[PDB]
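Content type PDB, C-alpha atoms (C1' of nucleotides), from the file query06.pdb:
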ATOM      1  CA  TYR A   5      30.564 -46.759  16.744  1.00  0.00           C
ATOM      2  CA  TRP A   6      31.759 -43.457  18.244  1.00  0.00           C
ATOM      3  CA  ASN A   7      33.235 -42.240  21.586  1.00  0.00           C
ATOM      4  CA  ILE A   8      30.089 -42.126  23.775  1.00  0.00           C
ATOM      5  CA  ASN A   9      26.297 -42.523  23.283  1.00  0.00           C
ATOM      6  CA  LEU A  10      24.884 -39.123  24.348  1.00  0.00           C
ATOM      7  CA  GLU A  11      23.973 -35.707  22.836  1.00  0.00           C
ATOM      8  CA  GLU A  12      27.674 -35.157  21.995  1.00  0.00           C
ATOM      9  CA  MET A  13      27.545 -38.182  19.634  1.00  0.00           C
ATOM     10  CA  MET A  14      25.120 -36.658  17.103  1.00  0.00           C
ATOM     11  CA  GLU A  15      26.766 -33.206  17.396  1.00  0.00           C
ATOM     12  CA  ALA A  16      30.178 -34.646  16.429  1.00  0.00           C
ATOM     13  CA  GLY A  17      28.916 -36.102  13.133  1.00  0.00           C
ATOM     14  CA  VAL A  18      28.016 -33.594  10.395  1.00  0.00           C
ATOM     15  CA  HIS A  19      26.406 -31.026  12.728  1.00  0.00           C
ATOM     16  CA  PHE A  20      29.400 -28.686  13.258  1.00  0.00           C
ATOM     17  CA  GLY A  21      31.341 -26.023  11.320  1.00  0.00           C
ATOM     18  CA  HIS A  22      30.145 -23.571   8.645  1.00  0.00           C
ATOM     19  CA  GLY A  23      31.580 -20.143   7.685  1.00  0.00           C
ATOM     20  CA  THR A  24      34.523 -19.678   5.336  1.00  0.00           C
ATOM     21  CA  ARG A  25      36.207 -16.213   5.525  1.00  0.00           C
ATOM     22  CA  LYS A  26      32.785 -14.493   5.830  1.00  0.00           C
ATOM     23  CA  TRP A  27      33.005 -14.572   9.662  1.00  0.00           C
ATOM     24  CA  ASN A  28      32.394 -11.771  12.187  1.00  0.00           C
ATOM     25  CA  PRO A  29      35.312 -11.096  14.649  1.00  0.00           C
ATOM     26  CA  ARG A  30      32.819 -10.724  17.541  1.00  0.00           C
ATOM     27  CA  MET A  31      32.209 -14.485  17.875  1.00  0.00           C
ATOM     28  CA  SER A  32      35.915 -15.181  18.563  1.00  0.00           C
ATOM     29  CA  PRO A  33      35.615 -17.152  21.864  1.00  0.00           C
ATOM     30  CA  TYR A  34      33.212 -19.591  20.131  1.00  0.00           C
ATOM     31  CA  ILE A  35      35.717 -21.225  17.704  1.00  0.00           C
ATOM     32  CA  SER A  36      38.452 -23.902  17.846  1.00  0.00           C
ATOM     33  CA  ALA A  37      40.564 -23.730  14.658  1.00  0.00           C
ATOM     34  CA  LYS A  38      40.486 -23.070  10.896  1.00  0.00           C
ATOM     35  CA  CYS A  39      40.817 -26.426   9.087  1.00  0.00           C
ATOM     36  CA  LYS A  40      40.745 -26.416   5.239  1.00  0.00           C
ATOM     37  CA  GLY A  41      39.212 -22.920   5.132  1.00  0.00           C
ATOM     38  CA  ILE A  42      36.098 -23.874   7.136  1.00  0.00           C
ATOM     39  CA  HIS A  43      35.884 -22.609  10.743  1.00  0.00           C
ATOM     40  CA  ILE A  44      35.318 -25.512  13.159  1.00  0.00           C
ATOM     41  CA  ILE A  45      33.031 -24.505  16.045  1.00  0.00           C
ATOM     42  CA  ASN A  46      33.908 -25.717  19.587  1.00  0.00           C
ATOM     43  CA  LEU A  47      31.708 -28.526  20.941  1.00  0.00           C
ATOM     44  CA  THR A  48      32.928 -28.000  24.530  1.00  0.00           C
ATOM     45  CA  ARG A  49      31.366 -24.513  24.796  1.00  0.00           C
ATOM     46  CA  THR A  50      28.290 -25.271  22.635  1.00  0.00           C
ATOM     47  CA  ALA A  51      27.220 -27.985  25.128  1.00  0.00           C
ATOM     48  CA  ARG A  52      27.410 -25.434  27.979  1.00  0.00           C
ATOM     49  CA  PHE A  53      25.578 -22.721  25.993  1.00  0.00           C
ATOM     50  CA  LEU A  54      22.895 -25.252  24.961  1.00  0.00           C
ATOM     51  CA  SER A  55      22.309 -26.098  28.644  1.00  0.00           C
ATOM     52  CA  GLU A  56      21.478 -22.517  29.744  1.00  0.00           C
ATOM     53  CA  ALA A  57      19.337 -22.183  26.591  1.00  0.00           C
ATOM     54  CA  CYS A  58      17.410 -25.353  27.502  1.00  0.00           C
ATOM     55  CA  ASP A  59      16.987 -24.216  31.133  1.00  0.00           C
ATOM     56  CA  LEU A  60      15.098 -20.994  30.306  1.00  0.00           C
ATOM     57  CA  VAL A  61      12.685 -22.559  27.766  1.00  0.00           C
ATOM     58  CA  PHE A  62      11.863 -25.320  30.298  1.00  0.00           C
ATOM     59  CA  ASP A  63      11.221 -22.586  32.899  1.00  0.00           C
ATOM     60  CA  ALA A  64       8.879 -20.917  30.364  1.00  0.00           C
ATOM     61  CA  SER A  65       6.951 -24.005  29.171  1.00  0.00           C
ATOM     62  CA  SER A  66       6.077 -24.955  32.774  1.00  0.00           C
ATOM     63  CA  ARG A  67       4.387 -21.554  33.263  1.00  0.00           C
ATOM     64  CA  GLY A  68       2.488 -21.647  29.965  1.00  0.00           C
ATOM     65  CA  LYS A  69       4.272 -19.098  27.749  1.00  0.00           C
ATOM     66  CA  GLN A  70       4.113 -19.013  23.927  1.00  0.00           C
ATOM     67  CA  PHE A  71       7.044 -19.426  21.509  1.00  0.00           C
ATOM     68  CA  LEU A  72       7.796 -18.219  17.947  1.00  0.00           C
ATOM     69  CA  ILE A  73      10.010 -20.041  15.427  1.00  0.00           C
ATOM     70  CA  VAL A  74      11.018 -17.929  12.385  1.00  0.00           C
ATOM     71  CA  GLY A  75      12.746 -19.307   9.275  1.00  0.00           C
ATOM     72  CA  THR A  76      12.418 -17.858   5.759  1.00  0.00           C
ATOM     73  CA  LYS A  77      15.591 -19.517   4.378  1.00  0.00           C
ATOM     74  CA  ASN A  78      15.097 -22.184   1.659  1.00  0.00           C
ATOM     75  CA  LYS A  79      17.383 -24.771   3.314  1.00  0.00           C
ATOM     76  CA  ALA A  80      15.501 -24.475   6.640  1.00  0.00           C
ATOM     77  CA  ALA A  81      11.878 -23.886   5.497  1.00  0.00           C
ATOM     78  CA  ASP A  82      10.680 -27.528   5.629  1.00  0.00           C
ATOM     79  CA  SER A  83      12.095 -28.169   9.137  1.00  0.00           C
ATOM     80  CA  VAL A  84      10.524 -25.023  10.671  1.00  0.00           C
ATOM     81  CA  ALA A  85       7.089 -26.000   9.271  1.00  0.00           C
ATOM     82  CA  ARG A  86       6.962 -29.434  10.967  1.00  0.00           C
ATOM     83  CA  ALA A  87       8.497 -28.547  14.375  1.00  0.00           C
ATOM     84  CA  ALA A  88       5.860 -25.906  15.228  1.00  0.00           C
ATOM     85  CA  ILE A  89       2.773 -28.047  14.447  1.00  0.00           C
ATOM     86  CA  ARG A  90       3.968 -30.582  17.047  1.00  0.00           C
ATOM     87  CA  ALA A  91       4.693 -27.813  19.601  1.00  0.00           C
ATOM     88  CA  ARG A  92       1.522 -25.759  18.811  1.00  0.00           C
ATOM     89  CA  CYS A  93       3.376 -22.428  18.431  1.00  0.00           C
ATOM     90  CA  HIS A  94       3.773 -19.500  15.965  1.00  0.00           C
ATOM     91  CA  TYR A  95       5.808 -19.898  12.725  1.00  0.00           C
ATOM     92  CA  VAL A  96       6.777 -18.082   9.495  1.00  0.00           C
ATOM     93  CA  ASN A  97       7.787 -20.003   6.332  1.00  0.00           C
ATOM     94  CA  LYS A  98       7.294 -18.390   2.874  1.00  0.00           C
ATOM     95  CA  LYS A  99       8.072 -14.770   1.813  1.00  0.00           C
ATOM     96  CA  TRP A 100       8.918 -12.534   4.785  1.00  0.00           C
ATOM     97  CA  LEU A 101       6.715  -9.414   4.888  1.00  0.00           C
ATOM     98  CA  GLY A 102       8.220  -6.427   6.728  1.00  0.00           C
ATOM     99  CA  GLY A 103       6.561  -6.207  10.129  1.00  0.00           C
ATOM    100  CA  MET A 104       5.295  -9.572  11.376  1.00  0.00           C
ATOM    101  CA  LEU A 105       6.710  -9.828  14.922  1.00  0.00           C
ATOM    102  CA  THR A 106       6.048  -6.198  15.963  1.00  0.00           C
ATOM    103  CA  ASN A 107       3.072  -5.445  13.728  1.00  0.00           C
ATOM    104  CA  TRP A 108       0.949  -8.415  14.851  1.00  0.00           C
ATOM    105  CA  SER A 109      -2.072  -6.085  15.081  1.00  0.00           C
ATOM    106  CA  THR A 110      -1.919  -5.187  11.361  1.00  0.00           C
ATOM    107  CA  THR A 111      -1.142  -8.736  10.153  1.00  0.00           C
ATOM    108  CA  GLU A 112      -3.881 -10.526  12.158  1.00  0.00           C
ATOM    109  CA  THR A 113      -6.482  -8.405  10.318  1.00  0.00           C
ATOM    110  CA  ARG A 114      -5.244 -10.208   7.188  1.00  0.00           C
ATOM    111  CA  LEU A 115      -5.712 -13.571   8.965  1.00  0.00           C
ATOM    112  CA  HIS A 116      -9.299 -12.649   9.857  1.00  0.00           C
ATOM    113  CA  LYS A 117      -9.806 -11.563   6.221  1.00  0.00           C
ATOM    114  CA  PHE A 118      -8.654 -15.074   5.186  1.00  0.00           C
ATOM    115  CA  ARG A 119     -11.365 -16.569   7.440  1.00  0.00           C
ATOM    116  CA  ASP A 120     -13.943 -14.089   6.065  1.00  0.00           C
TER     117      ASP A 120
ATOM    118  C1'   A B   1     -32.716  56.080   0.447  1.00  0.00           C
ATOM    119  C1'   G B   2     -29.391  56.025  -3.470  1.00  0.00           C
ATOM    120  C1'   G B   3     -23.735  54.620  -6.099  1.00  0.00           C
ATOM    121  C1'   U B   4     -22.685  49.747 -13.313  1.00  0.00           C
ATOM    122  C1'   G B   5     -17.723  55.259  -7.616  1.00  0.00           C
ATOM    123  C1'   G B   6     -12.167  52.981  -5.806  1.00  0.00           C
ATOM    124  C1'   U B   7      -9.755  48.678  -3.797  1.00  0.00           C
ATOM    125  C1'   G B   8     -10.942  41.311  -5.947  1.00  0.00           C
ATOM    126  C1'   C B   9      -2.697  42.128  -3.810  1.00  0.00           C
ATOM    127  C1'   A B  10      -9.161  43.314   2.150  1.00  0.00           C
ATOM    128  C1'   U B  11     -12.951  39.174   0.688  1.00  0.00           C
ATOM    129  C1'   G B  12     -17.617  35.192   0.001  1.00  0.00           C
ATOM    130  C1'   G B  13     -19.462  32.560  -4.289  1.00  0.00           C
ATOM    131  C1'   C B  14     -17.771  30.956  -9.068  1.00  0.00           C
ATOM    132  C1'   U B  15     -13.893  30.176 -13.138  1.00  0.00           C
ATOM    133  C1'   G B  16      -9.571  29.411 -16.286  1.00  0.00           C
ATOM    134  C1'   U B  17      -4.914  26.965 -15.983  1.00  0.00           C
ATOM    135  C1'   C B  18      -1.055  22.691 -15.756  1.00  0.00           C
ATOM    136  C1'   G B  19      -4.990  18.002 -16.095  1.00  0.00           C
ATOM    137  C1'   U B  20      -7.522  14.101 -16.727  1.00  0.00           C
ATOM    138  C1'   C B  21      -1.958  14.978 -15.826  1.00  0.00           C
ATOM    139  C1'   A B  22      -1.880  10.925 -11.744  1.00  0.00           C
ATOM    140  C1'   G B  23      -0.523  11.795  -8.144  1.00  0.00           C
ATOM    141  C1'   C B  24      -1.438  13.737  -3.374  1.00  0.00           C
ATOM    142  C1'   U B  25      -1.543  11.654   2.126  1.00  0.00           C
ATOM    143  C1'   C B  26      -2.576   8.756   6.648  1.00  0.00           C
ATOM    144  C1'   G B  27      -2.568   4.634  10.895  1.00  0.00           C
ATOM    145  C1'   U B  28       0.610   1.049  13.027  1.00  0.00           C
ATOM    146  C1'   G B  29       5.748  -0.629  12.765  1.00  0.00           C
ATOM    147  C1'   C B  30      10.717   0.131  11.677  1.00  0.00           C
ATOM    148  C1'   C B  31      15.439   3.580  10.021  1.00  0.00           C
ATOM    149  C1'   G B  32      18.292   8.223  11.595  1.00  0.00           C
ATOM    150  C1'   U B  33      20.354  12.376  17.286  1.00  0.00           C
ATOM    151  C1'   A B  34      17.306  14.934  14.369  1.00  0.00           C
ATOM    152  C1'   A B  35      14.823  17.754  10.336  1.00  0.00           C
ATOM    153  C1'   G B  36      12.828  13.522   7.593  1.00  0.00           C
ATOM    154  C1'   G B  37      12.722   8.763   5.165  1.00  0.00           C
ATOM    155  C1'   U B  38      10.547   3.996   4.367  1.00  0.00           C
ATOM    156  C1'   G B  39       5.079   2.481   2.389  1.00  0.00           C
ATOM    157  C1'   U B  40       4.226   6.610  -2.841  1.00  0.00           C
ATOM    158  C1'   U B  41      11.589   3.373  -4.454  1.00  0.00           C
ATOM    159  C1'   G B  42      13.077  -1.206  -7.839  1.00  0.00           C
ATOM    160  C1'   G B  43      12.099  -4.975 -12.379  1.00  0.00           C
ATOM    161  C1'   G B  44       8.098  -5.186 -16.141  1.00  0.00           C
ATOM    162  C1'   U B  45       3.341  -3.477 -17.417  1.00  0.00           C
ATOM    163  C1'   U B  46      -1.137  -0.233 -18.755  1.00  0.00           C
ATOM    164  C1'   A B  47      -4.932   5.648 -20.407  1.00  0.00           C
ATOM    165  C1'   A B  48      -3.846   5.279 -14.963  1.00  0.00           C
ATOM    166  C1'   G B  49       1.304   4.347  -7.361  1.00  0.00           C
ATOM    167  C1'   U B  50      -3.735  -0.091 -13.199  1.00  0.00           C
ATOM    168  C1'   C B  51      -1.754  -4.591 -12.156  1.00  0.00           C
ATOM    169  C1'   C B  52       2.032  -8.657 -11.064  1.00  0.00           C
ATOM    170  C1'   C B  53       6.711  -9.657  -8.883  1.00  0.00           C
ATOM    171  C1'   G B  54      10.595  -7.967  -5.639  1.00  0.00           C
ATOM    172  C1'   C B  55      11.161  -5.203  -1.263  1.00  0.00           C
ATOM    173  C1'   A B  56      10.562  -3.336   6.698  1.00  0.00           C
ATOM    174  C1'   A B  57       7.151  -2.853   4.808  1.00  0.00           C
ATOM    175  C1'   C B  58       2.326  -4.271   6.195  1.00  0.00           C
ATOM    176  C1'   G B  59      -2.842  -2.021   5.265  1.00  0.00           C
ATOM    177  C1'   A B  60      -6.050   2.044   4.321  1.00  0.00           C
ATOM    178  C1'   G B  61      -8.126   7.016   2.400  1.00  0.00           C
ATOM    179  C1'   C B  62      -8.772  10.922  -1.732  1.00  0.00           C
ATOM    180  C1'   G B  63      -7.651  10.570  -7.048  1.00  0.00           C
ATOM    181  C1'   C B  64      -7.747   6.468 -11.381  1.00  0.00           C
ATOM    182  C1'   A B  65     -11.598   2.678 -12.427  1.00  0.00           C
ATOM    183  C1'   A B  66     -16.583   1.577 -11.677  1.00  0.00           C
ATOM    184  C1'   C B  67     -21.604   3.236 -10.222  1.00  0.00           C
ATOM    185  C1'   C B  68     -25.057   7.735 -13.617  1.00  0.00           C
ATOM    186  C1'   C B  69     -26.353   9.649 -19.192  1.00  0.00           C
ATOM    187  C1'   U B  70     -26.681   8.527 -24.618  1.00  0.00           C
ATOM    188  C1'   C B  71     -25.088   5.321 -28.991  1.00  0.00           C
ATOM    189  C1'   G B  72     -24.490  -0.032 -31.114  1.00  0.00           C
ATOM    190  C1'   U B  73     -27.617  -6.311 -30.655  1.00  0.00           C
ATOM    191  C1'   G B  74     -31.496  -8.707 -28.961  1.00  0.00           C
ATOM    192  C1'   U B  75     -35.462  -9.908 -25.557  1.00  0.00           C
ATOM    193  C1'   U B  76     -40.314  -8.622 -22.301  1.00  0.00           C
ATOM    194  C1'   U B  77     -44.356  -5.382 -21.654  1.00  0.00           C
ATOM    195  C1'   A B  78     -47.779  -1.355 -24.031  1.00  0.00           C
ATOM    196  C1'   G B  79     -49.625   0.806 -28.870  1.00  0.00           C
ATOM    197  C1'   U B  80     -52.095   6.932 -30.016  1.00  0.00           C
ATOM    198  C1'   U B  81     -51.590  12.054 -33.011  1.00  0.00           C
ATOM    199  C1'   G B  82     -46.897   5.614 -34.718  1.00  0.00           C
ATOM    200  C1'   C B  83     -46.663   1.292 -37.854  1.00  0.00           C
TER     201        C B  83
END

Rewrite the coordinates I just gave you, this time as structure tokens.
Amino acid sequence: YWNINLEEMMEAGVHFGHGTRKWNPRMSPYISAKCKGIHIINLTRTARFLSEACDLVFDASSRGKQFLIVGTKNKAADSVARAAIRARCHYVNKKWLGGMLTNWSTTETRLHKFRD
RNA sequence: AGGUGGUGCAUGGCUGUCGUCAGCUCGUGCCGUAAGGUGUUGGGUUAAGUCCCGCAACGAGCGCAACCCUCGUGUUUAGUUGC
């Protein structure tokens, strides 16, 4: 059991806090305290900044706009590969080649060469 | 008309030379105010930016290679002034 059964239940488990002394002083209003070296991120402001982030993507999916989910990191590669097949959107996974999001015209010629 | 008269530091054509060395560049996209740079760097590897990996680089063009000519094996076809 926890406090309440909502979205704040799963976020209060093992889904918060990361950086240890490698932080950027620009993200200062987005933290609570520094417990045992690790910087604990505030769940009160994340829930408000997740709401306005979920309001614009819902206002884009109703129109029929396309999304792109990038993730070349080893600890996030397997989760980025499954989430985009279910959503039918663009995704990068393996080695990141310089110029994929801007140079779509030069990289799609390689995709047509794969089909040739 | 004629000039093997001057000037190839006025020139065409052609050549040596470093060199067969292997480099020389471009499109798109990024970096910097900009001139430019990145790709043509790095780690190894080959005769060779040859190739692999890494990497805002991703691809491409000239060069390298190959395609052409002989030599080394055989096979098929045709045999004189060949055997």

Residue members of the PyMOL selection byres ((chain B) within 10 of (chain A)) in the file shown, as a list in words: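 Output of the PyMOL selection byres ((chain B) within 10 of (chain A)): residues 27, 28, 29, 30, 55, 56, 57, 58 and 59 of chain B.
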
Evaluate the PyMOL selection byres ((chain A and resi 42) around 12) on the structure here and hand back the selected residues as a PDB file with C-alpha atoms, in the coordinates of the input.
ATOM      1  CA  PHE A  20      29.400 -28.686  13.258  1.00  0.00           C
ATOM      2  CA  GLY A  21      31.341 -26.023  11.320  1.00  0.00           C
ATOM      3  CA  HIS A  22      30.145 -23.571   8.645  1.00  0.00           C
ATOM      4  CA  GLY A  23      31.580 -20.143   7.685  1.00  0.00           C
ATOM      5  CA  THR A  24      34.523 -19.678   5.336  1.00  0.00           C
ATOM      6  CA  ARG A  25      36.207 -16.213   5.525  1.00  0.00           C
ATOM      7  CA  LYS A  26      32.785 -14.493   5.830  1.00  0.00           C
ATOM      8  CA  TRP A  27      33.005 -14.572   9.662  1.00  0.00           C
ATOM      9  CA  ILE A  35      35.717 -21.225  17.704  1.00  0.00           C
ATOM     10  CA  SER A  36      38.452 -23.902  17.846  1.00  0.00           C
ATOM     11  CA  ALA A  37      40.564 -23.730  14.658  1.00  0.00           C
ATOM     12  CA  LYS A  38      40.486 -23.070  10.896  1.00  0.00           C
ATOM     13  CA  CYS A  39      40.817 -26.426   9.087  1.00  0.00           C
ATOM     14  CA  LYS A  40      40.745 -26.416   5.239  1.00  0.00           C
ATOM     15  CA  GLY A  41      39.212 -22.920   5.132  1.00  0.00           C
ATOM     16  CA  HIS A  43      35.884 -22.609  10.743  1.00  0.00           C
ATOM     17  CA  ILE A  44      35.318 -25.512  13.159  1.00  0.00           C
ATOM     18  CA  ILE A  45      33.031 -24.505  16.045  1.00  0.00           C
TER      19      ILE A  45
END

Pairwise distance, atom CA of residue A:93 with atom CA of residue A:65, equals 11.4 Å

Atom CA of residue A:83 sits from atom CA of residue A:61 at a separation of 19.5 Å

Atom CA of residue A:52 sits from atom CA of residue A:17 at a separation of 18.3 Å

As number ranges by chain, please: the residues near residue A:77 (cut-off 12 Å, only C-alpha atoms (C1' of nucleotides), same-chain neighbours under 6 positions excluded).
A: 83-85, 96-100

Give me a file of those residues, with C-alpha atoms, as a CSV table (one decimal), in the coordinates of the input.
chain,number,residue,atom,x,y,z
A,83,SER,CA,12.1,-28.2,9.1
A,84,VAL,CA,10.5,-25.0,10.7
A,85,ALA,CA,7.1,-26.0,9.3
A,96,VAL,CA,6.8,-18.1,9.5
A,97,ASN,CA,7.8,-20.0,6.3
A,98,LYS,CA,7.3,-18.4,2.9
A,99,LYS,CA,8.1,-14.8,1.8
A,100,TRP,CA,8.9,-12.5,4.8

Q | Non-local contacts of residue B:62 (12 Å; all atoms listed in the file; under 3 positions in same chain excluded) as a list in words | A |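 Result of the neighbour search: residues 23, 24, 25 and 26 of chain B.
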
Create the file for the chosen residues now, containing C-alpha atoms (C1' of nucleotides) and written as a PDB file, in the frame of the given file.
ATOM      1  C1'   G B  23      -0.523  11.795  -8.144  1.00  0.00           C
ATOM      2  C1'   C B  24      -1.438  13.737  -3.374  1.00  0.00           C
ATOM      3  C1'   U B  25      -1.543  11.654   2.126  1.00  0.00           C
ATOM      4  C1'   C B  26      -2.576   8.756   6.648  1.00  0.00           C
TER       5        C B  26
END

### Query
Counting all atoms listed in the file, what is within 12 Å of stretch 15-21 of chain B, bar same-chain residues fewer than 6 positions away, as a list in words?
residues 47, 48, 63 and 64 of chain B

- [ ] To verify the selection step, state as a list in words which residues the PyMOL selection byres ((chain A and resi 91) around 12) yields on this input.
- [x] residues 65, 69, 70, 71, 72, 73, 84, 85, 86, 87, 88, 89, 90, 92, 93, 94 and 95 of chain A

Let me have the centre and edge lengths of the axis-aligned box enclosing all listed atoms of stretch 88-95 of chain A with 5 Å padding on every side, in Å to one decimal, as lines of an AutoDock Vina configuration file.
center_x = 3.7
center_y = -25.0
center_z = 16.2
size_x = 14.3
size_y = 21.1
size_z = 16.9
